[PDB]
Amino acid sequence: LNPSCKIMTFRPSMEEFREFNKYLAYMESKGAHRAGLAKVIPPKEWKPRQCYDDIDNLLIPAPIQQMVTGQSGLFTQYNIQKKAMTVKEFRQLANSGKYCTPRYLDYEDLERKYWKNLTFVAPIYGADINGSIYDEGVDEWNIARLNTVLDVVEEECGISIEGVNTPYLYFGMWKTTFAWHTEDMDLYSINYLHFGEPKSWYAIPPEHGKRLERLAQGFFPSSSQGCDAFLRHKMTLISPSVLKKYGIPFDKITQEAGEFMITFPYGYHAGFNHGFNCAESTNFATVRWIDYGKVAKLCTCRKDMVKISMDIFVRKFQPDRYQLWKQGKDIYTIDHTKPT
């Protein structure tokens, strides 16, 4: 299944698309998860929102200015908080001469310009804004209620899932960056690009994730000393030139407005926004995730990082293993290649 581990693009008919959980089972049956990342283009007629005009009025409480330092494919970034502004003000800022997308020939050209210009003007973004902007009543692929095993454990068993299964908005401009990371607890994520300019992605197959970790520890030995899972800080940038040089396998793809990207457990991803845009995302889980969550290597640094107790998931979905697990005896290494 997908021996190349390349990013797959899916084009479901309305009939296939209707049921998210079933279609996701189908994607993995084709080996989509080997790449760490997949794209799903919904059928043309499907619209999660009739009109986006009102989103201009939404407030972005804490826009962040992204300060990047380093050189030649290896960078670290930190955040400066700016004053609140409406999406409309943010779009006008994004479109100004100081912040707008440069002229470019094709995506390959724009990508070169991204990596060449990272340490000049510092771009601004709004992230982790709570809420979904789907219309009421949209029942397909509704990011606010995907009904995965996360939801079951929360609603049926009353277990806190720490807010990770709720929907968040991101408002990008040119050159705003998501640094290399896997999801909290090595969950899945889903990202829909509502409107605006594209978002480019890089992804490393989960089966090669440890090689990215070893390369990062080698280039960022300071960061590494402070925290065993320092890539979860989302402050570490590493270019595809550097990946190619040290032979870490990866793939790239660009997401356009109206398209979904799914990231899979332990699928390291990074990327950047082409221009002003708006994306909605959340985390979710399936049963195949449970063995990733049990071994996910967590940040020790700060007091507040997301940790979900695995107890309920092993007890309910892996009852055969539960006591072995609680006795520290459930030892395995994950097969990243097979469906569950």
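Numbers follow the displayed sequence, beginning with 1.
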Compare the mean C-alpha B-factor of 225-233 with that of 90-98 as given in the PDB entry, and name the stretch with the higher value. 225-233
Averaging only over Cα atoms, indicate whether 309-317 or 293-301 has the higher B-factor in the PDB entry. 293-301
Of the options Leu187, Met261, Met85, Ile124, which has the highest CA B factor as deposited? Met85
Identity of residue with top Cα B-factor, from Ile204, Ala257, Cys157, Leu110: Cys157
Here the Cα B-factor of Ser72, set against its chain, lands in the third termed highest
When the modelled residues of the chain are sorted by Cα temperature factor, does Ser239 land in the lowest, middle or highest third? middle
Against its chain's modelled residues, does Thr286's Cα B factor rank lowest, middle or highest third? middle
Considering only modelled residues of the same chain, in which third does the CA B-factor of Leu59 rank: lowest, middle or highest? highest
Going by the entry, which third of its chain does the Cα temperature factor of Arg34 land in? middle
